[PDB]
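Colleague: My structure is below; once you've seen it, I'll send some questions.
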2 protein chains.
Amino acid sequence: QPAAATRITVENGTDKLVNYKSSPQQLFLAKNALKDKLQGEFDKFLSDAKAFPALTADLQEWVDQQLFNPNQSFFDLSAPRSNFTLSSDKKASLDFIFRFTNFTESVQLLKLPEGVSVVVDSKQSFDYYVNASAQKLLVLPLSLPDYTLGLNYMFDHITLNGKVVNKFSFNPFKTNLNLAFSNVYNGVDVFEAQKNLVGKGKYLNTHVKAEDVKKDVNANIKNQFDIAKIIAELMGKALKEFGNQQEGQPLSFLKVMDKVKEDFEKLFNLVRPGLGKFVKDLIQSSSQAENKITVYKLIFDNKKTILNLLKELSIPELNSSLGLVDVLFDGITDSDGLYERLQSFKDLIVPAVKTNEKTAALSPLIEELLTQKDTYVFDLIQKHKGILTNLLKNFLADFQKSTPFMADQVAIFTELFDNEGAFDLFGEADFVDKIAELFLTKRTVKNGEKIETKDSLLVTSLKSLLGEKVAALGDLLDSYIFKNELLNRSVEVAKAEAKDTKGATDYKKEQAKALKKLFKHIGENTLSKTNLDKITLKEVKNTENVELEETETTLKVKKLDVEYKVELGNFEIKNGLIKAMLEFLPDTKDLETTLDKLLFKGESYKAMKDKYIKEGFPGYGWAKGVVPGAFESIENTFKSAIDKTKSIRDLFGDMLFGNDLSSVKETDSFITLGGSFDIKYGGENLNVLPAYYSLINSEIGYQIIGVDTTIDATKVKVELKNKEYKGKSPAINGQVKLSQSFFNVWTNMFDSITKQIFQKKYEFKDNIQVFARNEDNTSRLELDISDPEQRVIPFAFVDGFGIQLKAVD
Amino acid sequence: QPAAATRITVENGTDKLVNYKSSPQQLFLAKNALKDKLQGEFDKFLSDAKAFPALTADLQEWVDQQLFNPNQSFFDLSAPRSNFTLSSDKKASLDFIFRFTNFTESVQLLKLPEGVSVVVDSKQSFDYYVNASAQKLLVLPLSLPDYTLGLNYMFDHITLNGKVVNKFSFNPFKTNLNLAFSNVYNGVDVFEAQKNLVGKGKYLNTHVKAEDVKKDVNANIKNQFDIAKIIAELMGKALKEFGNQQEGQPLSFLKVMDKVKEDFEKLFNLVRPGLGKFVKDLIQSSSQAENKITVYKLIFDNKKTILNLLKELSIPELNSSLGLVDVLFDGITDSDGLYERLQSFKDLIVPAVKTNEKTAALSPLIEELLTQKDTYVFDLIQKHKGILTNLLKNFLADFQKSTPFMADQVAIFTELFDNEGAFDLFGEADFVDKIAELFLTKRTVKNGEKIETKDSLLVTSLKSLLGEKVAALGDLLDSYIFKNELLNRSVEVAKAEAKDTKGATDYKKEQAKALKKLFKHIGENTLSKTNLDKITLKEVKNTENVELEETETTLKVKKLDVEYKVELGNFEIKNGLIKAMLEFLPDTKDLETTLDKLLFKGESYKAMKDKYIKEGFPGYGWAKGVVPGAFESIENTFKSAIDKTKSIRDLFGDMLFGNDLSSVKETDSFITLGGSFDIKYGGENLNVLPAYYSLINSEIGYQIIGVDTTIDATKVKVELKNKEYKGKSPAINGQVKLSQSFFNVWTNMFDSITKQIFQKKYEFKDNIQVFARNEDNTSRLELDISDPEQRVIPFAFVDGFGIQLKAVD
């Protein structure tokens with residue numbers, strides 16, 4: 001048999017850390033930091049009610065696995081003498097005597113965790129002595145599957161076989177104490193990592209080459225340009241399908257996604273290597289896709305890509321769910337096996353999800369993720385509208401609280417997703433209609449009495465972006481931009497006064513038609529393959545070697561100087577990119593009243609009117625009756641100039657195009673971009689330092705910080721092809737021609753904008769981070785991710801700022 | 001024979017006074033004042049080298065005229081004993097013994113200046129004793145023909161016939177001392193007169209009656225109205241003759257004076273009684289008069305009127321020349337005798353005139369006043385141009401220094417009379433042409449290089465009167481009032497560039513024609529007898545008795561209250577009083593350029609133009625190219641409204657008349673005056689005090705001071721008959737009609753003027769001075785002008801302010 005056991009119980013619980021200094025409330029520290037406090041924290045578990053059962057269980061595991069597991073075939077083990085002295089003084093010790101009794105008639109040897117060479121004859125009671133004086137158990141760390149601080153104990157000086165074994169480890173890599181940390185991880189956070197990762201002949205310096213730096217720097221610009229071009233063609237290949245769709249035939253956001261699915265793959269195989277099959281599979285995982293693929297097929301195939309994307313999420317706690325992914329995917333050859341194993345594990349997965357408050361609302365989702373084998377991501381998204389909208393609203397609110405600079409975009413996004421039906425895009429709907437009824441339609445999202453005056457999303461975005469930049473013409477926006485059924489459809493008012501559905505009354509299809517026309521033009525006239533082909537990113541030098549200097553904990557670029565010329569060719573923005581937007585404006589012929597209100601019936605002209613009526617006209621004085629004959633023809637000629645048959649569409653056509661709208665050809669180019677602009681990535685003595693993912697990962701890149709990315713936008717010509725007024729029937733023609741004057745003002749302001757907002761020799765500085773990947777997804781900078789010294793913890797908090805394991809002190 | 005004479009020489013000289021206190025340098029004091037200083041001043045003559053011959057001459061005159069003139073027929077006079085003791089102590093005395101020896105054999109009596117009853121037989125030496133102790137000779141005054149202080153001496157206590165004769169006068173009324181005063185006159189100046197002239201039963205109170213006061217007060221208003229009406233008809237009877245004269249036929253200022261001569265008489269027989277023949281004779285004393293009358297005929301006939309007018313002149317010294325007028329006119333029955341006596345007296349008159357510096361320049365004038373018997377006043381005036389212009393300039397300069405309030409009228413008068421040829425009006429000339437070439441013609445009165453830019457008299461008067469009241473429209477006056485050949489004929493420029501005498505070039509007859517047309521209209525349409533007949537001065541109460549209260553040195557009106565209603569009827573100021581003045585303005589069709597300069601090319605509009613061009617247009621801001629399309633039609637419509645064929649005459653016709661000038665009838669009434677205004681001469685306890693002429697005169701009036709002369713101008717209606725625009729071809733017609741607006745402005749401003757400048761219930765206070773004359777020029781208030789107590793000296797200086805007969809002390 002084996003030795004007697006008394007308290008072999010081993011179950012226990014983990015611990016957690018407390019905030020210190022003025023650090024964020026979410027503490028996710030790494031190892032070190034509490035270098036001295038680890039012993040003190042382990043002493044608490046060493047001197048509590050859970051201490052001696054854990055110690056006895058560890059002793060039992062040691063005396064079975066390490067003592068008689070290679071034995072007991074010919075040597076029975078007994079423990080006649082065995083005692084412990086774990087006292088209240090937090091000082092532990094032991095004294096064990098082991099007898100090996102052999103019943104076989106032969107000569108054998110004892111295998112013990114030491115260089116022991118002892119010969120024992122048959123029927124002989126071999127002696128074994130394990131002595132431990134009263135001493136403080138030392139603390140060493142272990143790496144849990146979650147990469148958390150699994151505190152373990154070791155003996156300092158204990159005698160085995162009568163000799164002292166210095167630095168004795170009591171079955172390392174696993175202890176029956178379960179004293180983990182919920183907020184402290186094994187490894188080096190962000191900066192203790194940049195002590196053994198860079199240097200003279202250390203990891204980063206010997207794994208990053210000058211030719212590699214040059215090729216990655218060039219490929220950074222090349223891939224940025226390529227993804228920009230693929231994005232531009234994508235909206236321009238899907239936009240063409242959107243626009244060309246016939247009226248009354250629904251075309252969902254995802255049915256068109258298939259028609260450009262490969263492009264997405266290309267796009268996402270250039271943003272991140274290996275992320276090519278995942279997105280092309282994702283946009284095919286819907287009922288509207290031509291070839292449906294299940295969620296399990298989506299997940300098992302590109303498991304590694306999903307792992308990288310999850311590790312790129314900002315939330316640390318996801319890594320806790322990421323520790324079982326490798327165990328989840330072990331021994332699986334097809335998606336059916338993965339589905340079966342997830343069904344097997346559901347009995348433990350779903351209670352953990354339900355018990356977690358953060359994922360408590362998520363509980364239904366994962367539910368059918370284990371209930372139906374034909375799950376589709378986008379079908380789930382369109383079916384679980386409420387929960388997904390809730391998380392999206394929370395995430396967007398957090399982003400607003402974190403990104404005040406893009407507050408308008410987050411505001412319009414939140415207003416969009418305030419409606420559950422906004423998730424009907426990812427389903428069986430009409431995108432060219434859903435985007436119109438979400439972004440260009442009044443909202444009534446309330447139930448108290450009525451808040452239907454909430455207007456549309458585009459109108460609110462214009463109000464935010466034109467807050468106070470323009471004031472007098474704001475009334476114009478009130479009469480032509482804020483009060484048009486093509487941008488503010490006025491929900492629930494169509495069936496209020498007509499109740500007969502006239503052709504003009506139904507503005508839901510006229511606005512959809514205008515949006516389809518705009519999509520047609522942006523698709524096959526502006527962002528077409530032919531029009532986007534004349535934008536060439538040509539290398540200029542691309543020859544200089546990017547020498548690297550290494551000296552102690554540093555890695556610098558000697559002289560980075562690469563320049564790429566983006567030649568815009570002749571990017572003809574044809575008439576129709578802005579002619580369709582003109583057609584979005586109402587075609588109401590009532591131009592006299594609106595212009596009269598804007599010019600004369602205002603807040604400043606009326607004050608001058610009154611002041612000149614009561615008194616004024618300096619030098620004259622006594623001629624006060626002349627005044628209501630002076631500011632009456634001044635208004636009269638201006639009013640009479642306005643053509644009775646011209647709307648704001650025609651006025652804006654005169655202002656922008658010059659010639660009248662009916663006489664302006666849609667094939668002509670409104671704006672032509674010619675020439676080229678330079679990109680001048682440069683720098684001297686630029687530091688190169690490791691760049692990690694959001695969570696703990698074995699894949700690492702490198703970043704060059706302080707790269708002067710000069711975008712010299714000069715040498716480009718943004719020319720208005722129609723720089724002269726060719727109109728024959730101007731809206732405000734006459735001796736007080738204002739449409740021509742407005743057109744000249746527009747041309748001058750366009751030249752000013754292209755001189756200041758456009759080319760200005762932009763100067764930027766940032767960090768070029770490249771996570772370069774090899775051919776078969778064997779990225780050059782991959783760490784051992786095994787020993788607790790290269791396990792980087794990017795989300796951890798650095799001890800340099802100051803963290804202590806105590807309650808606010 | 002008579003008594004022996006030793007120093008009968010009597011010739012001597014006068015004296016003069018010296019300034020004292022802070023009195024004006026021209027001292028012309030009256031008697032009294034130097035009440036105590038007269039004795040001291042006479043002592044100087046009593047103790048000088050001229051004393052004893054004067055005393056001896058006085059003694060001789062006394063002993064011939066008063067002693068033996070009624071004797072020597074039977075009583076020879078001898079002076080065996082005779083001595084004087086006029087010592088250096090200024091104490092005079094005498095001792096005389098007279099023997100009367102009769103050679104006739106009869107009994108006679110001696111006639112002496114005393115109650116002496118003595119009987120002397122024949123051949124008897126009658127004795128006479130005249131004793132005088134050493135005593136100071138007292139001083140008494142005498143009245144010279146010039147009414148100056150003729151100091152005379154008297155003896156206090158001397159014994160005649162053995163008895164003392166108290167207050168002995170040594171031949172009064174004449175002394176051989178000739179100690180006159182050049183600055184002190186006998187009598188009471190202005191206020192010592194109002195001590196014996198008013199009182200309880202003294203002169204003014206007993207010579208002024210309540211009915212007399214009432215009738216004179218009523219006649220004051222009646223005569224003021226009558227002279228105003230006669231003046232208005234006079235220019236309107238002479239103006240008609242001026243206007244109706246044919247072109248090229250000269251009509252002098254005096255040839256027309258005859259055609260209205262009687263009116264002048266009427267006028268001047270209402271301004272001052274008896275001044276009716278003088279002015280009617282004066283304006284007939286010229287070569288241009290139909291019936292010439294000599295200066296002697298003009299002077300001898302109305303000698304009394306000339307005396308009153310000369311006594312009304314402000315200069316005191318003229319009275320010295322007035323002392324011989326009565327002696328001049330003694331024993332003369334016709335103008336021939338007066339001419340003969342002036343020729344006789346010329347040998348003394350002309351040296352006195354020449355020796356006097358003030359009349360030294362006058363010497364030629366009086367010269368022919370005694371050289372030709374056919375002298376004419378106006379022929380002399382037009383012949384002695386230089387001297388008369390010199391005195392007129394000096395008098396006008398003095399009036400300017402004395403009357404700053406009417407400085408503009410004196411300035412234009414001085415500018416007029418700066419030319420000698422300005423006196424050609426009173427001769428053989430053309431008034432309708434001379435007044436045009438003097439008042440509406442440029443002046444070049446200088447010889448240095450050129451001052452021809454002096455402009456005309458009317459232009460300078462407008463510049464003075466429109467100094468800074470209007471500024472912006474001043475440029476209009478520069479282009480239409482300051483630069484018109486009808487008001488600024490531009491002398492010496494007509495024969496500069498043309499040299500061919502075109503019809504338009506000769507502006508001397510076109511301007512004369514315009515002036516003649518204006519005279520025609522003011523003569524027979526506005527100031528005609530028919531039009532002036534409808535202005536009636538009606539008494540309202542004229543019944544209340546003006547009771548007078550007398551109490552010591554006072555005379556007050558108990559309650560003066562008279563009111564006269566001047567009913568203006570319908571005084572039709574026809575079209576032509578202002579239509580002719582419109583025709584004076586140039587008829588140049590260039591109205592666009594002048595109005596453009598006045599309105600747009602100014603000093604304030606251009607600044608606003610520039611400010612709005614550089615920046616501005618509040619609320620818009622970025623629209624700066626619109627501005628040179630905004631302030632271009634604002635000007636363009638205003639410029640295009642102005643009719644190309646309309647001049648400033650037409651614009652002013654639209655502004656004033658309404659309807660166009662060609663369609664405005666000259667017989668219509670531009671302004672009609674209707675209703676009536678009240679004159680409310682009133683007051684309680686109003687002082688009545690004597691009022692004298694400028695110089696010493698026996699004719700006196702009385703003045704009521706403090707009369708509240710309320711001219712309640714209310715209840716009159718000055719109506720514009722054309723208060724609505726009836727024009728069919730306005731100068732600035734269109735949608736920016738400004739001629740109609742200008743006309744409405746003119747109508748409103750006319751109503752405002754007639755509400756404030758016109759009727760306002762004017763309140764005035766003054767002194768009603770009446771020099772009432774009886775039927776045969778026997779004015780009621782005439783003083784004895786004989787005794788040295790009623791001889792008023794109005795020009796004298798009152799001793800109350802302080803005057804002493806010493807050099808500045």
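Chain labels follow the order of the structure tokens: the first chain is A, the next B, and so on; residue numbering restarts at 1 in every chain, and ligands are counted from 1 in their shown order.
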Restrict the distance test to only C-alpha atoms, flag each residue of chain A within 12 Å of chain B, and return the flagged residues as a PyMOL selection string.
Modeller: chain A and resi 468-475+598-599+602-605+608+617-638+640-641+732-750+752
Colleague: Go ahead and write the residues just picked, C-alpha atoms, as a short mmCIF file (atom, residue, chain, number, x, y, z; two decimals), in the first residue's frame.
Modeller:
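Generated output (again-v9.cif):
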```
data_model
loop_
_atom_site.label_atom_id
_atom_site.label_comp_id
_atom_site.auth_asym_id
_atom_site.auth_seq_id
_atom_site.Cartn_x
_atom_site.Cartn_y
_atom_site.Cartn_z
CA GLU A 468 -22.61 78.37 -35.40
CA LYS A 469 -20.25 78.51 -38.40
CA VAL A 470 -22.97 80.08 -40.57
CA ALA A 471 -25.92 82.02 -39.14
CA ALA A 472 -27.69 84.09 -41.81
CA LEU A 473 -27.81 81.20 -44.29
CA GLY A 474 -28.92 78.86 -41.50
CA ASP A 475 -32.47 80.00 -42.22
CA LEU A 598 -32.92 85.30 -46.17
CA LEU A 599 -31.80 88.70 -47.49
CA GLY A 602 -33.75 89.05 -41.54
CA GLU A 603 -32.53 90.18 -38.14
CA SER A 604 -29.77 92.57 -39.29
CA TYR A 605 -31.20 94.08 -42.48
CA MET A 608 -30.82 98.86 -40.57
CA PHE A 617 -29.05 109.08 -44.43
CA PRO A 618 -26.05 111.14 -43.29
CA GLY A 619 -25.65 114.53 -44.93
CA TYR A 620 -29.29 114.54 -46.01
CA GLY A 621 -31.07 114.34 -42.66
CA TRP A 622 -34.28 116.13 -43.60
CA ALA A 623 -35.07 113.60 -46.36
CA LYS A 624 -36.84 110.94 -44.30
CA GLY A 625 -39.75 110.32 -46.66
CA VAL A 626 -37.29 109.31 -49.38
CA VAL A 627 -36.21 106.33 -47.26
CA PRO A 628 -39.40 104.27 -47.85
CA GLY A 629 -38.73 104.69 -51.56
CA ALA A 630 -35.06 103.81 -51.31
CA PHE A 631 -35.17 100.58 -49.32
CA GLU A 632 -38.09 99.51 -51.47
CA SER A 633 -36.52 99.46 -54.93
CA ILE A 634 -33.31 98.12 -53.40
CA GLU A 635 -35.42 95.13 -52.37
CA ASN A 636 -37.62 95.28 -55.48
CA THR A 637 -34.86 94.82 -58.06
CA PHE A 638 -33.29 91.99 -56.07
CA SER A 640 -37.54 90.79 -59.46
CA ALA A 641 -34.20 89.36 -60.61
CA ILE A 732 -30.94 85.73 -60.67
CA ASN A 733 -29.95 87.12 -64.07
CA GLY A 734 -30.25 90.78 -65.03
CA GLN A 735 -28.31 93.92 -64.20
CA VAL A 736 -28.13 92.56 -60.63
CA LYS A 737 -26.82 89.16 -61.74
CA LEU A 738 -26.19 87.27 -58.50
CA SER A 739 -26.03 83.68 -59.74
CA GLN A 740 -22.95 84.67 -61.74
CA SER A 741 -21.62 86.54 -58.70
CA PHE A 742 -22.42 83.53 -56.51
CA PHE A 743 -20.61 81.27 -58.97
CA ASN A 744 -17.53 83.51 -58.93
CA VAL A 745 -17.65 83.52 -55.12
CA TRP A 746 -17.84 79.72 -55.14
CA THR A 747 -14.88 79.45 -57.52
CA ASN A 748 -12.75 81.83 -55.43
CA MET A 749 -13.66 80.04 -52.20
CA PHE A 750 -12.87 76.69 -53.83
CA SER A 752 -8.91 79.23 -51.29
#
```
Colleague: List the spatial neighbours of residue A:267 as number ranges by chain - criterion: any atom at most 8 Å away, only C-alpha atoms, same-chain residues fewer than 6 positions off excluded.
Modeller: A: 227, 230-231, 276
Colleague: With N, CA, C and O atoms retained, could you export that selection as a PDB file, in the first residue's frame?
Modeller:
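Saved file again-v7.pdb follows:
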```pdb
ATOM      1  N   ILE A 227      -5.114  49.218 -49.224  1.00  0.00           N
ATOM      2  CA  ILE A 227      -6.380  49.100 -48.510  1.00  0.00           C
ATOM      3  C   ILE A 227      -7.250  50.320 -48.764  1.00  0.00           C
ATOM      4  O   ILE A 227      -8.474  50.199 -48.840  1.00  0.00           O
ATOM      5  N   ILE A 230      -8.748  49.607 -52.166  1.00  0.00           N
ATOM      6  CA  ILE A 230      -9.734  48.532 -52.104  1.00  0.00           C
ATOM      7  C   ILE A 230     -10.997  49.004 -51.400  1.00  0.00           C
ATOM      8  O   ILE A 230     -12.108  48.623 -51.776  1.00  0.00           O
ATOM      9  N   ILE A 231     -10.855  49.839 -50.369  1.00  0.00           N
ATOM     10  CA  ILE A 231     -12.024  50.428 -49.723  1.00  0.00           C
ATOM     11  C   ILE A 231     -12.781  51.302 -50.712  1.00  0.00           C
ATOM     12  O   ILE A 231     -14.010  51.230 -50.816  1.00  0.00           O
ATOM     13  N   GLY A 276      -8.365  36.772 -44.344  1.00  0.00           N
ATOM     14  CA  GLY A 276      -8.978  36.832 -45.658  1.00  0.00           C
ATOM     15  C   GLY A 276     -10.167  35.909 -45.771  1.00  0.00           C
ATOM     16  O   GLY A 276     -11.197  36.272 -46.343  1.00  0.00           O
TER      17      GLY A 276
END
```
Colleague: Could you list, as a list in words, every residue within 7 Å of stretch 18-20 of chain B, counting only C-alpha atoms and ignoring same-chain residues fewer than 3 positions away?
Modeller: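 The filter keeps residues 23, 25, 27, 803, 804, 805, 806, 807, 808 and 809 of chain B.
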Colleague: Got time to write the residues from that selection, N, CA, C and O atoms, as a JSON list (two decimals), in the first residue's frame?
Modeller:
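Writing the result to result.json gives the following:
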```json
[["chain", "number", "residue", "atom", "x", "y", "z"],
["B", 23, "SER", "N", -15.79, 156.11, -19.59],
["B", 23, "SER", "CA", -16.76, 156.62, -20.54],
["B", 23, "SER", "C", -16.21, 156.58, -21.96],
["B", 23, "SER", "O", -14.99, 156.53, -22.16],
["B", 25, "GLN", "N", -14.83, 157.74, -25.56],
["B", 25, "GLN", "CA", -13.88, 158.81, -25.86],
["B", 25, "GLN", "C", -14.57, 160.05, -26.40],
["B", 25, "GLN", "O", -14.02, 161.16, -26.31],
["B", 27, "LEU", "N", -16.88, 162.61, -25.74],
["B", 27, "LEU", "CA", -17.62, 163.25, -24.66],
["B", 27, "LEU", "C", -18.39, 164.44, -25.20],
["B", 27, "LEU", "O", -17.81, 165.34, -25.81],
["B", 803, "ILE", "N", -18.41, 161.70, -14.35],
["B", 803, "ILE", "CA", -17.54, 162.48, -15.22],
["B", 803, "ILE", "C", -16.95, 163.62, -14.41],
["B", 803, "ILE", "O", -17.67, 164.31, -13.69],
["B", 804, "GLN", "N", -15.64, 163.82, -14.54],
["B", 804, "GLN", "CA", -14.94, 164.92, -13.88],
["B", 804, "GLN", "C", -14.11, 165.67, -14.91],
["B", 804, "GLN", "O", -13.58, 165.08, -15.85],
["B", 805, "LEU", "N", -14.01, 166.99, -14.73],
["B", 805, "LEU", "CA", -13.25, 167.84, -15.64],
["B", 805, "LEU", "C", -11.78, 167.87, -15.22],
["B", 805, "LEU", "O", -11.27, 168.85, -14.66],
["B", 806, "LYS", "N", -11.10, 166.76, -15.49],
["B", 806, "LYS", "CA", -9.68, 166.65, -15.21],
["B", 806, "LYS", "C", -9.10, 165.56, -16.11],
["B", 806, "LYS", "O", -9.83, 164.70, -16.61],
["B", 807, "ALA", "N", -7.78, 165.61, -16.29],
["B", 807, "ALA", "CA", -7.09, 164.66, -17.16],
["B", 807, "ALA", "C", -7.02, 163.31, -16.46],
["B", 807, "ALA", "O", -6.12, 163.06, -15.65],
["B", 808, "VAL", "N", -7.97, 162.43, -16.78],
["B", 808, "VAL", "CA", -8.02, 161.05, -16.31],
["B", 808, "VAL", "C", -8.06, 160.93, -14.79],
["B", 808, "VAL", "O", -7.73, 159.87, -14.25],
["B", 809, "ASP", "N", -8.46, 161.98, -14.09],
["B", 809, "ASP", "CA", -8.53, 161.95, -12.63],
["B", 809, "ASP", "C", -9.46, 163.04, -12.10],
["B", 809, "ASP", "O", -10.42, 163.42, -12.77]]
```
Colleague: Got a sec to tell me which of stretch 586-777 of chain B DSSP assigns to helix (DSSP H, G or I), as JSON, numbers by chain?
Modeller: {"B": [592, 593, 594, 595, 596, 597, 598, 599, 605, 606, 607, 608, 609, 610, 611, 612, 613, 614, 627, 628, 629, 630, 633, 634, 635, 636, 637, 638, 639, 640, 641, 648, 649, 650, 651, 652, 653, 654, 655, 656, 661, 662, 663, 739, 740, 741, 742, 743, 744, 745, 746, 747, 748, 749, 750, 751, 752, 753, 754, 755, 756]}
Colleague: So that I can see what lies close to residue B:671, please list as number ranges by chain the residues with an atom at most 6 Å from it, counting only C-alpha atoms and leaving out residues fewer than 6 positions away in the same chain.
Modeller: B: 573, 719-720
Colleague: Write out as an mmCIF file with C-alpha atoms, in the first residue's frame each polymer residue whose atoms come within 8 Å of stretch 1-12 of chain B, counting only C-alpha atoms; drop sequence neighbours fewer than 6 positions from it.
Modeller:
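What ended up in out27.cif:
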```cif
data_model
loop_
_atom_site.group_PDB
_atom_site.id
_atom_site.type_symbol
_atom_site.label_atom_id
_atom_site.label_comp_id
_atom_site.auth_asym_id
_atom_site.auth_seq_id
_atom_site.Cartn_x
_atom_site.Cartn_y
_atom_site.Cartn_z
ATOM 1 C CA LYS B 50 -6.799 187.002 -21.646
ATOM 2 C CA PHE B 52 -8.342 191.809 -18.125
ATOM 3 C CA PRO B 53 -8.959 192.705 -21.813
ATOM 4 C CA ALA B 54 -12.202 190.729 -21.690
ATOM 5 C CA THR B 56 -12.379 195.858 -19.775
ATOM 6 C CA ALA B 57 -14.396 195.161 -22.929
ATOM 7 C CA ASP B 58 -17.339 194.007 -20.812
ATOM 8 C CA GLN B 60 -17.029 199.305 -21.855
ATOM 9 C CA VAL B 63 -21.022 201.710 -19.718
ATOM 10 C CA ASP B 64 -22.104 202.391 -23.302
ATOM 11 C CA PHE B 68 -25.277 206.490 -21.634
ATOM 12 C CA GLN B 72 -25.558 211.669 -23.953
ATOM 13 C CA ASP B 76 -22.095 214.030 -21.198
ATOM 14 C CA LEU B 77 -20.409 211.201 -19.287
ATOM 15 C CA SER B 78 -16.888 211.303 -17.856
ATOM 16 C CA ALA B 79 -14.893 208.945 -15.624
ATOM 17 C CA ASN B 176 -16.966 189.508 -24.060
ATOM 18 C CA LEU B 177 -15.153 186.438 -22.726
ATOM 19 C CA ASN B 178 -16.000 183.763 -25.337
ATOM 20 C CA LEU B 179 -15.405 180.971 -22.807
#
```
Colleague: Between atom CA of residue A:181 and atom CA of residue A:796, what is the distance in Å, rounded to a tenth?
Modeller: 13.2 Å
Colleague: Measure the distance from atom CA of residue A:195 to atom CA of residue A:311 in Å and round it to one decimal.
Modeller: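 Atom-to-atom, atom CA of residue A:195 to atom CA of residue A:311, that is 23.4 Å.
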Colleague: I want to know what sits within 12 Å of residue A:454, based on only C-alpha atoms, with residues of the same chain fewer than 4 positions away left out; could you give that as a PDB file with C-alpha atoms, in the first residue's frame?
Modeller:
```pdb
ATOM      1  CA  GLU A 415     -28.864  58.048 -32.595  1.00  0.00           C
ATOM      2  CA  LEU A 440     -32.997  60.537 -43.811  1.00  0.00           C
ATOM      3  CA  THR A 441     -36.257  60.163 -41.891  1.00  0.00           C
ATOM      4  CA  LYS A 442     -37.729  61.919 -38.863  1.00  0.00           C
ATOM      5  CA  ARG A 443     -37.613  60.070 -35.548  1.00  0.00           C
ATOM      6  CA  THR A 444     -40.279  59.643 -32.865  1.00  0.00           C
ATOM      7  CA  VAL A 445     -38.355  57.468 -30.396  1.00  0.00           C
ATOM      8  CA  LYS A 446     -40.347  58.207 -27.230  1.00  0.00           C
ATOM      9  CA  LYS A 450     -44.753  63.092 -28.636  1.00  0.00           C
ATOM     10  CA  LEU A 458     -28.456  63.746 -41.329  1.00  0.00           C
ATOM     11  CA  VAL A 459     -30.229  66.926 -40.203  1.00  0.00           C
ATOM     12  CA  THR A 460     -28.992  66.490 -36.632  1.00  0.00           C
ATOM     13  CA  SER A 461     -25.464  65.810 -37.891  1.00  0.00           C
ATOM     14  CA  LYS A 463     -26.870  70.927 -36.961  1.00  0.00           C
ATOM     15  CA  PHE A 482     -34.105  71.047 -42.561  1.00  0.00           C
ATOM     16  CA  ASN A 488     -36.505  64.813 -43.301  1.00  0.00           C
ATOM     17  CA  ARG A 489     -39.259  62.447 -44.409  1.00  0.00           C
ATOM     18  CA  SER A 490     -41.685  63.602 -41.661  1.00  0.00           C
ATOM     19  CA  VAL A 491     -42.872  60.210 -40.444  1.00  0.00           C
TER      20      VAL A 491
END
```
